[PDB]
Amino acid sequence: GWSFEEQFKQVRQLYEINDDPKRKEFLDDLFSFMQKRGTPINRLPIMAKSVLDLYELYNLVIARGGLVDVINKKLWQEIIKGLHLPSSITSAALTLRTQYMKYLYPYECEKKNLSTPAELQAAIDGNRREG
DNA sequence: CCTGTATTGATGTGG
DNA sequence: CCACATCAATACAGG
């Protein structure tokens, strides 16, 4: 179920997306950095039957100054559309928020420290239905 | 032919 | 009305 080759085709799909050297350092560093976090990506989140650009998602997330700002202000529409995702996924923002929390929360919080888990968790409760 | 894991999409709530 | 959240079906691989 977890084979390095299976992941190779998955990340290879991430580098083929385009010839952006800066993007390579991200994917390369992210898989490396995640090793330190202890949360390695055995499967990249997929969107529209395609791998999610962990790099473009990041730049948009940092562009708002912290994942929490996006939740409280809901700037996911800009992220969701910024990536040109198909309206076929109604849980796009949630897919982006849920997954960003697990995989990119360290790179965004550890390298930039834009916010804290309580702010993010509190923002999550603020958007999650009370019941 | 079956079973397990990961990912995508429908409908409803609140201002 | 839209964006978001919860729950369920499908595709691929081993035998």
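Residues numbered from 1 in each chain as written, not as in the entry; some residues may be left out. Chains lettered and ligands numbered in written order. Heavy atoms only, no water.

- For this entry, the PDB record names solution NMR as the structure determination method.

**A word on the pattern of salt bridges**
- Per the counting criterion, the structure on display carries six salt bridges.
- Among the salt bridges present, the one from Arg23 reaches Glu56, with a minimum N-O distance of 3.7 Å. Taken together, the residues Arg23 in helix α2 (residues 21-37) and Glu56 in helix α3 (residues 54-63) connect sequence positions 33 residues apart.
- Residue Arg23 is classed as buried on the basis of its relative accessible area, which comes to 1%.
- Here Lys24 makes a salt bridge to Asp28, at a shortest N to O gap of 3.5 Å. Separated by four residues within a single helix, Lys24 and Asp28 lie in helix α2, roughly one turn from each other.
- A relative accessible area of 44% means that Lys24 is categorised as partly exposed.
- Judged by its relative accessible area of 33%, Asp28 falls in the partly exposed class.
- One salt-bridge network, held together by shared partners, links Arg23, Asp53 and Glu56. (Salt bridge = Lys/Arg side-chain N within 4 Å of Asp/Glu carboxyl O. Helix = DSSP H or I, 4+ residues; strand = E, 2+ residues; numbered from the N terminus. Buried < 20%, exposed > 50% of the residue type's maximum accessible area, 1.4 Å probe, protein only.)

**Quick word on the protein's contact with DNA strand C**
- Around DNA strand C sit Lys74, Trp76, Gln77, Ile80, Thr90, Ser91, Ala93, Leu94, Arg97, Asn127, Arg128 and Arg129, and those are all the residues in its vicinity.
- Sugar and phosphate atoms form 68% of the subset of DNA strand C atoms that lie within 4 Å of the protein.
- Between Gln77 and DNA strand C, the recorded distance is 2.4 Å, taken from a side-chain N or O atom to a phosphate oxygen.
- Between DNA strand C and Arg128 there is a distance of 3.1 Å, counted from a phosphate oxygen to a side-chain nitrogen or oxygen.
- Counting residues per element, the ones that place at least two in the surface near DNA strand C are α5 (76-82) and α6 (92-112).
- A per-class count over the surface near DNA strand C returns four nonpolar, four polar and four charged. (Near = heavy atom within 4 Å. Polar contact = N/O pair within 3.5 Å; in protein donor to acceptor, adjacent residues only side chain to side chain. Nonpolar A, V, L, I, M, F, W, Y, C, P; charged D, E, K, R; others polar.)

**Some words on the layout of surface pockets**
- As a volume, the largest pocket reaches approximately 180 Å³.
- If you list the elements that add at least two residues to the lining of the largest pocket, you get α1 (4-16) and α2.
- Element by element, the count of residues in the lining of the largest pocket is highest for α1, at four residues.
- Class assignment of the residues belonging to the lining of the largest pocket gives a composition of eight nonpolar, two polar and no charged. (1 Å grid on protein atoms, 1.4 Å probe; cavity = no way out; pocket = protein on both sides within 12 Å on 5 of 7 lines; lining within 4 Å. Points joined across faces, edges and corners; volume = space filled by probe spheres on them.)

**Considering unusual backbone geometry**
- At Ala48, a position not held by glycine, the phi torsion is positive, near 65 degrees.
- Within the secondary structure, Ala48 is located in the loop between α2 and α3.
- Of the residues examined, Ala48 reaches a relative accessible area of 42% and is grouped as partly exposed.
- At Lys74, a residue that is not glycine, the phi angle is positive and equals roughly 60 degrees.
- Within the secondary structure layout, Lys74 lies in the loop between α4 (67-73) and α5.
- According to the relative accessible area criterion, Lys74 is partly exposed, its value standing at 45%.

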